[PDB]
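Just so it is clear, none of the values below were taken in a lab; they were calculated from the coordinates. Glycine gets a Cβ as well: all are built from the backbone with ideal geometry, and neighbour counts include every protein chain shown.
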């Protein structure tokens, strides 16, 4: 693990005290400064936090100020950077119906102020990305929330934030994080797709992208790799949260690759074996996971390293997969690269196509319909590389 | 049922022979002229079809020609219109890896030709919408499909169709139909969101929208009404396919309202209790369902009528819900309408918001967080309206 | 709502303060005597609780005794009974790996002790059923739990509890409550089926049954009504927890009928329209739900009453359904009752079946296969009864 | 793969012509004798079949007789055996509402005769297991099927079959195969648990067990390895069907290990690293899968071989896993084996347990509650073994 690997961890990840919906915390609170030292140590290049993770909701400026100074010291000494910050718009009871989209007008005004403030701190620490997780934006009942009005209000708030950042010269990028449910019955912008469509409607869309999370897409049983590929095609992959999940159930937040292992592999392959050797993605490889409730601080550090471990083992196998002449031969036989050739010849339009008898009148669909694509075999070669059997 | 209600059915719904993945057909073939006659009789205002549902794959021109004239005569006599047409790019073995996105370049070329042909016929019959269902676009294995190249090719093909329509003066609108899976392990553009985001990237986006299907969103456990609300917000709801489903499992295609009843109710409320007093959506209410395999032709006509009956029954209760004073009161208590009031006062920006001590510095979040929204009570009044209990 | 309806509620239901996985409690603590009062007022005939709901974990004998006496007075004054009691084996950190099947043997012994104590209290308050919810029984990782050993230890603990109850003459019945996941990644005895199979291997199986909960089976997308019909077939429906859920996602605990309305309808029909006119189930109709986090104490009593109103409105429609002559006619056409007639004639065995040419050699499968069952029409009539449209 | 590996395939697997719910077959039919030869050649020890796979539905006795004789010769010459047989009670239209549980009495009678006839052929080919897949036993609508009457009729048919077998001295064991849905909306006996609980109610339970299939339990998002563990505890694992699936969606029938890889790994560990060095299960390792629709006959044989490769690679990794002193040390730290030690001391009863102050009075819940189990670390070593990183 090198700083060039860009592994980052949220302070709320290793810091999770393990108080779930059904029981009390099983671990004590982790000191930010300590987190900073431990992460530095296991090989992370950066740390992220929610305003309320570092400074307890409601601290006076004196306390608030003190905490920041100490945190700043720790980054200093260790060389860790803060690539991204986020705001907590979900924990306090006032946000029970959302921040930006709460039906109560006062709550919406307050939620914007809370974020502007976090934007200030972010800028001060050199953060380039503001992640927005609208965990409480949504509903349990259909008649309780006007989605249209809600989207108008989500948009109004975001447009203000971009206005401010651009005026203060912060140069932040905004990353909307999709989640289908939990804690609300249904959350607005439920998938990477919905989040991308929404961003295209903002005032300065170029400043906005998405921060998709492994488990979030898997909670709806979607293919995370395929969703990232789409995000990459759109050029809206501004950040990414890696973790593990076992399908449609509560959000598990397991270590990266401890859930759908086969998808974890295709994912590393997509991010790393980009066009011309180079990665297809350049930002932080952020782990937004939780050390299982059954573990102690020993278990905590273990799990932090397991994340890095899993990513580096998969990368290694994805590289070997692509480099294998037999895979290279199977890729050819399956015509994977033929999808890159335009369907139409150069300068060809409808008329030329309509005049080409070979594309219709004289085409033998039955004969082409019978040739196999060799996909099972290519798939089997991939898994054998994953398994270290090749 | 009135023509003003705009209920339409696909030829392939009532005409489905009930040959499933595990058994033979239990019903004989339905004659198209017959279908037009029976549908006219139950109150449908229009009929739709895939090319291959009307004219059997590979019919010579004489044959094809003959079928169309008979069909147009039936239309004529009954007063039924053809609001939308679509193309079968999924049945024939040549389409096993997709039509527009098949790895094989020749299939992609053939796929476009098959659609242009269907476009002409739709144009000829007065159809206004071309529905595109990319059922074979996707994969079973991640290494088999280059998603980026696939999107490029899906885009390449649609740009061409719009070019053609526009040059010819056809005036067609194009509606992409999302589905998460089945027949492919994962289909490209899996949710309403992914499809909207994609469309925003074509050459003439104003010409493209979506055709979301109740059951397809429910196969991922998404809130159908909430995704339609988002589609309407983007102004991309070009068509809608109504049916029923029981969560994530194979596509059931039940009668509209026979799966998630509460969501069927909230959907009808959304489409009908629109902006003025007026519907929020003005297109065809299309039923894309299948009469259960256990039914004979009496069952088929019963199921067609059930679709219209479910809609009209829900419409009537949605209307009553909104007209109830007790509901008005509950809506007031839950602050539904307050979401429609901008968060900011007219002419207020971040400078004015930052200057407002009451939006943050003097804001009593604890007090606000203690008041209830009364959402359960609102939901209970809605359900009682649904049950005719009020 | 009469006391004969036998609506009961857990203290933890209306007492949920709404501290979820992602946020703080939105409501203050509810006083138990008050709860007894409030529930008696809305129509409940009994109240239930976990040891720890009534007496704070780590209460001195004096305090504990103090609480109980006040609680009994309240029941006294109100006329409410305690039909069932349960034990909390999921909250305290020591149970992080389970109670009865913790890998740690000291935890198992402690868990048993904790239950015996509740049995005593239960026996003393007149409870008839001990519900066992193994929420911490399971694992996040396959190699961490020997399922066979865990089943042995689960059995070993239950055998003892039955032994004790029988010897102290408590007359308790034990109801195992299945849940597929949450809080453990995977819980042991995930469905009503697994729980029944397990019970059958105990020493005095006649003393054990299950307590299935609507939401738990729906978390796996199973048909709750159908599972309950299987439970009744086996005679293992010792208790039932009613609530609502929107498929595979976190456990929602909505008001009964606020999730899958169609299945809530069919369930009420099955429990009430039992053979010989009479209900097929005579135990408590217990609501194990949670007033939404967006609600205050008024929303809380509103939600309690909604559970009762939903059950009674559905009951009324299930009876009207069964009483409708047209329904009677559709049931006959669907041959619902013909399934009750044995396949074999009295005294026929394989020898006589083999001799019947009409059951095989001369059977016309094709003519039988062509006749429809009229199921769609029958379903349509059920729904129309549910909507009060008939 | 040796014959000792006992890998078997259904004739219907490699012989699936790939006609799905949305398209035509992509492959021509496979001759059963050719399938026998090909299978033997890749290392299979046995072949299985549904009556209708070998002998076309409605074949005259001369035709049927010829097929069987040719079949037997191939078996002879290759040395392959027939370990299990099954009956098709799902394809023909007559079975649209089920076989044994159809509402129509005559269908129930014919279903039993179809099965008796297959039992004869089975017994003559030396099969020891009869698998029962009730694919059509269920409903799309709740009111269409009396479940209780259905279970009565199911049991009635099964008792007769056991009777006939016992009387003819066939010595067959019966394995019910659970499936949650598809082709019916909901299938009776939906999970391995439901089928086990049902079997326990038959006249001769000892002759009955289950045939669970990987994808089927994953269709409900259940832990397959954990449910197999429970089946082994009950001693009802009479047979097993191995394949791949991606959570809740249509039945994919991918090659074993191509779905949930991590669960495939823990499944192979459970079966082979049984108690006493030896496998915990000794029946056939049957592959009930389908070669993807995109493949030709080369892809079909490649996929048959992929199943066996998949199983042997995971077996090798499972073995190394367990022989690793670091893994053993982690197991000890996680206390996995301590679950195998009774909770109660020998001769200890409730009286003695009540007497141990160390189990309650003097129990430090708080101190125990703070020790970590090291489960993450153990999971990490398990995956490093699978990855061949160790």
Which residues, taken from segment B:249-266, are in contact with a helix residue (DSSP H, G or I) (Cβ under 8 Å, 6 or more places away or on another chain), facing another protein chain (nearest Cβ under 9 Å) and not in a helix (DSSP H, G or I)? B:251, B:252, B:254, B:255, B:257, B:258, B:259, B:260
Which residues, taken from segment C:121-153, are within 30 Å of residue D:269 (Cβ to Cβ) and more than 14 Å from every other protein chain (Cβ to nearest Cβ)? C:132
Looking at segment C:369-382, I want the residues that are free of Cβ contacts under 8 Å to residues at least 12 places away in the same chain and have a partner that is outside any helix (DSSP H, G or I) with Cβ atoms under 6 Å, at least 6 apart or on another chain. Which pairs are those? C:372/B:295; C:372/B:296; C:376/B:292; C:376/B:295; C:379/D:141
Does segment C:347-374 hold any residues that are in contact with a helix residue (DSSP H, G or I) (Cβ under 6 Å, 6 or more places away or on another chain) and in a loop (DSSP other than H, G, I, E, B), and which are they? C:360, C:363, C:372, C:373, C:374
Please work out if residue C:269 is part of a helix (DSSP H, G or I), closer than 29 Å to residue C:17 by Cβ and either touching a residue at least 60 places away in the same chain (Cβ under 8 Å) or out of contact with any strand residue (DSSP E or B) (no Cβ under 8 Å at 6 or more places or on another chain) (or both). no
Which one is surrounded by the fewest Cβ atoms within 10 Å (Cβ to Cβ), of the residues in segment B:80-94 that are within 7 Å of another protein chain (Cβ to nearest Cβ) and in contact with a strand residue (DSSP E or B) (Cβ under 9 Å, 6 or more places away or on another chain)? B:91
Tell me which residues, restricted to segment B:232-243, are in contact with a helix residue (DSSP H, G or I) (Cβ under 8 Å, 6 or more places away or on another chain) and buried (at least 24 other Cβ atoms within 10 Å of the Cβ). B:237, B:241, B:242, B:243
Does residue D:101 satisfy the condition of being in contact with a helix residue (DSSP H, G or I) (Cβ under 6 Å, 6 or more places away or on another chain), within 14 Å of chain C (Cβ to nearest Cβ) and part of a loop (DSSP other than H, G, I, E, B)? yes
Meets criteria (crowded, with 24+ Cβ neighbours inside 10 Å and in a loop (DSSP other than H, G, I, E, B)) for residue D:179: yes
What do you reckon, is residue D:108 crowded, with 24+ Cβ neighbours inside 10 Å, part of a helix (DSSP H, G or I) and facing another protein chain (nearest Cβ under 10 Å)? yes
Going through C:299, C:369 one at a time, which residue ends up being farther than 30 Å from residue A:185 by Cβ and within 12 Å of chain B (Cβ to nearest Cβ)? C:369
Only one of C:44, C:18, C:35 is crowded, with 16+ Cβ neighbours inside 10 Å and within 18 Å of residue C:284 (Cα to Cα). Can you tell me which? C:44
Taking segment C:287-321 and keeping only residues that are farther than 23 Å from residue C:9 by Cα and surrounded by 17 or more Cβ atoms within 10 Å (Cβ to Cβ), one is left with C:317, C:318, C:321
Output for segment B:225-248, where each listed residue is more than 10 Å from chain A (Cβ to nearest Cβ) and under 13 Å from the mean Cα position of the chain (by Cα): B:237, B:238, B:239, B:240, B:241, B:242, B:243, B:244
Please tell me if residue C:75 is over 23 Å from the mean Cα position of the chain (by Cα) and more than 8 Å from chain D (Cβ to nearest Cβ). yes
Restricting segment D:192-220 to residues that are more than 11 Å from the chain's Cα centre (by Cα) and part of a loop (DSSP other than H, G, I, E, B), the one farthest from residue D:123 (Cα to Cα) turns out to be D:220
For segment B:188-238, name all the residues that are without any contact (Cβ under 8 Å) to a residue 40 or more places away in the chain and under 17 Å from residue B:261 (Cβ atoms). B:217, B:221, B:222, B:226
Look through B:361, B:329, B:338 and report the one residue that is farther than 25 Å from residue B:3 by Cβ, facing chain A (nearest Cβ under 8 Å) and surrounded by fewer than 18 Cβ atoms within 10 Å (Cβ to Cβ). B:338
Please go through segment C:292-302 and pick out each residue that is part of a helix (DSSP H, G or I) and in contact (Cβ under 8 Å) with a residue 60 or more places away in the chain. C:297, C:300, C:301
When you check residue D:344 against the structure, is it without any contact (Cβ under 8 Å) to a residue 24 or more places away in the chain, part of a loop (DSSP other than H, G, I, E, B) and either on the phi < 0 side of the Ramachandran plot or surrounded by fewer than 19 Cβ atoms within 10 Å (Cβ to Cβ) (or both), yes or no? yes
Please indicate, with yes or no, whether at least one residue in segment C:48-61 is out of contact with any strand residue (DSSP E or B) (no Cβ under 6 Å at 6 or more places or on another chain), within 30 Å of residue C:279 (Cα to Cα) and either in contact (Cβ under 8 Å) with a residue 40 or more places away in the chain or not in a loop (DSSP other than H, G, I, E, B) (or both). no
